[PDB]
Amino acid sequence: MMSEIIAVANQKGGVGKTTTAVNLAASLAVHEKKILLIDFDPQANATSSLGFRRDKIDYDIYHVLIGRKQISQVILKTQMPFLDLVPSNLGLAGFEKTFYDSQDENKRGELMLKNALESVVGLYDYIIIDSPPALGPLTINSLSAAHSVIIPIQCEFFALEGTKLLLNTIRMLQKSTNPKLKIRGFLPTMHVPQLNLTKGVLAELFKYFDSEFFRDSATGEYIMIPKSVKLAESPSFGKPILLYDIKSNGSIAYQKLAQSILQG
């Protein structure tokens, strides 16, 4: 209902999905908009990014999906008063099995996350979903639950084929399980402007998808997350970058992203 649910998705591995989900969630939360981050990857990197140890997590999103727990029972408060987390753990890897079992019986396996979110949509301004690297049941559940999708894009070769495919999947879902699903935007990540490869991949993407790239709401510039040493360091301190170095380039870029989201 009230919450805009935003999936951060891209089947390619290591393109900044988690970094984006975490830092966007934080960058929205610092405005005292109430944010819920869903770690929807069994590797649980978002969870770890916010300083939570895998060995310290009790019940997680998986338990909610299978009905062992209500989502209110697993929600954790973070260092930021307006950022809450539904953590992940290894047991989310069991989801696939569950999914297929669901499909065999009268159930809509693609909607399990959507259903799980039902009881908190009226309680948050934004729900941000960190998706895993594939187009399987988990990512399908993420996209099926979302109002909109942010696609982080690393400008290297595999990005070209990959983006097209993700778009295909999205359109599939638009014609089936989630008609209202929109692209919130493409977000270049780990961006190194002067590389020939970067320029080539970007130019190719602009040709088809110019209108999909995030724009700075004050200046009209394209929003891109620069490759940043500090950004890589941040999960090692268990904090979003804005909590300790708010003037760093990565922090600044993610805050521009949040402003863009807050406007609509």
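Note that residue numbering follows the sequence shown and begins at 1.
The question of which stretch, 235 to 243 or 55 to 63, has the higher mean Cα B factor is settled in favour of 55 to 63. As recorded in the PDB entry, 169 to 177 is the stretch of 75 to 83 and 169 to 177 with the greater mean C-alpha temperature factor. Across 194, 148, 144, 131, the greatest Cα temperature factor reported in the deposited entry is at 194.
Taking the PDB entry at face value, the top CA B factor among 5, 261, 8, 1 belongs to 1. Per the deposited record, the Cα B-factor of residue 224 falls in the middle third when ranked against the other modelled residues of its chain.
Compared with the other modelled residues of the chain, the Cα B-factor recorded for residue 140 ranks in the lowest third. For residue 248, the recorded CA B-factor ranks within the highest third of the chain. Only modelled residues enter the ranking. In this PDB entry, residue 50 carries a Cα temperature factor that places it within the lowest third of its chain's modelled residues. When the modelled residues of the chain are ordered by C-alpha B-factor, residue 108 sits in the highest third.
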